[PDB]
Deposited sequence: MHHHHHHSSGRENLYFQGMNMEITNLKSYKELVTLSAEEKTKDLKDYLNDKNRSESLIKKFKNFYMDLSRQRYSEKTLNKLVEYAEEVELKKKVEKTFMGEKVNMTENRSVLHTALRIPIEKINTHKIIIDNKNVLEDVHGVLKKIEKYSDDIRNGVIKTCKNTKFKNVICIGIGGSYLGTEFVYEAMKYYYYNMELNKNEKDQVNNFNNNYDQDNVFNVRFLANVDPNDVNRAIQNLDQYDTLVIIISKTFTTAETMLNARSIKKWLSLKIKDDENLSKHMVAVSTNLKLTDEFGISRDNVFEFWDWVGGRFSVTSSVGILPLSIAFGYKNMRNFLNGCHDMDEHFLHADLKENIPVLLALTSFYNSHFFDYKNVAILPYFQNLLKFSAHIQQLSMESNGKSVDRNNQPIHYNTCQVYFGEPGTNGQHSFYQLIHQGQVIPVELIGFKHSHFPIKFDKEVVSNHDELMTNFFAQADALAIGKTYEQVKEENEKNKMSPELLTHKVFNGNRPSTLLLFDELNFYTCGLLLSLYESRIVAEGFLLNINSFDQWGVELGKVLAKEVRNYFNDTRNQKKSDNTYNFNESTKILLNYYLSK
C-alpha cells in the first residue's frame, strides 16, 4: 500500500483544503502560534511560522511521521542497517563525525569490525598529513611549502567541499589569520598574502575550459593535486587527473618528485599505485558513504584540513555530530530536521509547490545552493517507492537559489507575483567582514538583514487591492493599472537565524540539510540512497565516444544506431 492511502495523509488532504482559505497575516498575529513554530537549537532559531498550517495541522503532520514509522527508519539508518534497499547497503555518513571519545560507546559493527576504528584511522592520517603540509614538514619538489591545491572530482566529490570552502575561508582569514575581533569593523588592512592561505581550485568539469581555469597563473612547483574517486576509474575525473598529471610533468619530471605533488581519495589501491601515487598519499572512504553525503569523510576533510587546519575541521565535525544526535533523539514535535522535512512534504504534496528556493543572506554561502541541489535532487528525485512500486505522487522539488540580496534583485519578482515558490532564508547575526561608517544609518550587515526580515513578511502578508488603492490616493496612477501592484501574499517561508557562521555552525547547517533529506525520503517512502537514473546517459555517451573515435581517426571498429536528429547534428559537429 502507498503513502496516499494512510489515514493521516487522507486527513492532511482535507486539512490543507481548509488551510488554503486562511491567511498567514492572521496567523502571524497569534503570539502563541509563533512561540510554538519558532524552535531553538544551540546557536540558532528556526522559524516555521510563515507556513500555511495551524498548530493542529502541524500536529497531524507529526501523526503522519509516526504512521510512516519515521523514527524507526532513522534509527535503523544510524544503527548501520541496510536501508539502501536497491543496492543492499548501509548508510553511515553519520559515523564519519562521531568523536574519538565515543569510539566504543557508539561503536557500529559491520563485518565483525567497529567502523569507527576505520573512521578515526583515516582522520588521524589527515590530521598528521595536513599538519605536516601546513607546518612545512611535507614540502614540494623544490623544498618549499605548498601554496595551491587542485581538487579533481565530480558531483559529490567536490560540491560539499566547495560549499564549506567558500563558506569558511573568510572566517579563517579574518578571525584566525588576521585575528579580527567582533567589537572592530572596517578591517581593510587584513593581509591575504601570508603563510597557509592556500589557493584552492575545483576541477570538476570534463570540459578542457575547466582545466584552463584550474591551472590559470599556477606554478606546478607550488601545487598539490588531490584526485577524488572511489573507483579511480570515473571517466571525467580520471581524464582530468591524466591532464593535470601531464601539466605537472611539464616541470616535475621525476616520479618521486611527482608523488610529493599528488594525493588520492580512493579505495582502489591498485589504480592509485599505477597512477604513481604513494601509499601514504591515499586516503580511504567506504561504500556506506554516499557521494552526496561524502564531505565529512576524507573527500572533504582532507582538502579542508589542508586549507584551514584539522582543529577547525574537528569543530565542523562536532557541529555535524551534535545536529545528528538531535535528529536521532529529539521527539518529532521538537525535531528541527524532521519539522523541516514535514513542511517540505506538506508544501509539495498538499499545495503542489514543486520548487524550493535556497536563499542564504550571506555571500560566503554562494556555493551552498549548488550542494543542496545535488543532496536533495539526486537523493529524492525518484519515481519508485520502497516497495518497488512505480509511483505517481510528487517526489523531490526543483531546488535553486542565489545568496540574498543577489537573488532578490534577480528573480524575486516571480517569487512575489508569479508562481508560488516556498523559500528557505538563512541569516546570521554577525558578518565575516563587518563594515560601518559613522554617517551611515546602519552597518552594511544590518542593511543586508533588513531584507532577510522584510522579504519573509512581504511574502506572507502581501498587499491587497484596497491597500494599493489607498496609496494611489496620492500617486494618482490610472486606476485600471492598480491590479499590477497587488501582492496576494500567503507565500510561505522558513527562517534560519544563526549567531555566527563559524566551523561548528557550518557543521550544524550541513547536518541539518543531510538530516532533512534523509527524513524526507522516508516520508516520501522512496530510497534516498541510490542513483540508478544516471546510468542511461553514461551508456549512450560511451556509444557517441566510440563513434567520435572511429570518425576522428577515420578507422572502422562497434555498430551505431543513431536516431534521425542525432545523425544530422553529429554530421554538423564532425564537419
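**Q** Which deposited-sequence positions, grouped into ranges, are missing C-alpha coordinates?
**A** No coordinates exist for the deposited residues in 1-20, 578, 597, so these stretches are absent from the model.
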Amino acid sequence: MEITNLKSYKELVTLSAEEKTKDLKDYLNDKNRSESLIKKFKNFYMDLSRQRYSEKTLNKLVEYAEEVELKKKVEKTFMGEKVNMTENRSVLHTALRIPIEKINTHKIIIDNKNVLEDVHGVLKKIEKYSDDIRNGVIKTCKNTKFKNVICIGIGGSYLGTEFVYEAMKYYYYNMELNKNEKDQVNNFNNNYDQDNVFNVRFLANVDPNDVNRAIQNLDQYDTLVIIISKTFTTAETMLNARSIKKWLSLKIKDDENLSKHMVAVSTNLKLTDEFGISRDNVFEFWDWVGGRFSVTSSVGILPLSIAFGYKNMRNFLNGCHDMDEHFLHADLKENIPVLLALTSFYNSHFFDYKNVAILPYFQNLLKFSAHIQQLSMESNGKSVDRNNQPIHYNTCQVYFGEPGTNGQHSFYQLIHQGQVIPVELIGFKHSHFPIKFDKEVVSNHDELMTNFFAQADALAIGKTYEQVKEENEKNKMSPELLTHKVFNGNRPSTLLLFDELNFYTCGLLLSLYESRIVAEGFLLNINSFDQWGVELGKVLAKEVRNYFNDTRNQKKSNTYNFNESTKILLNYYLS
From here on, numbers count along this sequence of modelled residues.
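**Q** On average, which has the higher Cα B-factor in the deposited entry, 100-108 or 147-155?
**A** Taking the mean C-alpha B-factor of 100-108 and of 147-155, the larger value falls to 100-108.
**Q** Which is higher on mean Cα B factor in this entry, 480-488 or 274-282?
**A** Stretch with the higher mean C-alpha B-factor: 274-282.
**Q** So if I compare the CA B-factors in the entry for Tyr170, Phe202, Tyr399, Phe437, which one is the largest?
**A** The listed residue with the largest C-alpha B-factor is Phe437.
**Q** For the listed residues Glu424, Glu325, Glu166, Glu256, which one has the largest C-alpha B-factor as given in the deposited model?
**A** Checking the PDB record, the top C-alpha B-factor among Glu424, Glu325, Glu166, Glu256 is at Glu256.
**Q** Can you tell me which third, lowest, middle or highest, the CA B-factor of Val468 falls into for its chain?
**A** Middle third of the chain for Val468's C-alpha B-factor.
**Q** Sorting the chain's CA B-factors, does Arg52 end up in the lowest, middle or highest third?
**A** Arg52: CA B-factor falls in the middle third of its chain.
**Q** Taking only the Cα B-factors deposited for this chain, tell me whether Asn312 sits in the lowest, middle or highest third.
**A** CA B-factor rank for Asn312: lowest third.
**Q** Would you mind ranking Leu524 by its C-alpha B-factor against the rest of the chain and naming the third, lowest, middle or highest?
**A** Its C-alpha B-factor, which the entry lists for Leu524, ranks in the lowest third among residues of this chain.
**Q** What third of its chain, lowest, middle or highest, does the C-alpha temperature factor of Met175 fall into?
**A** It falls in the middle third of the chain.
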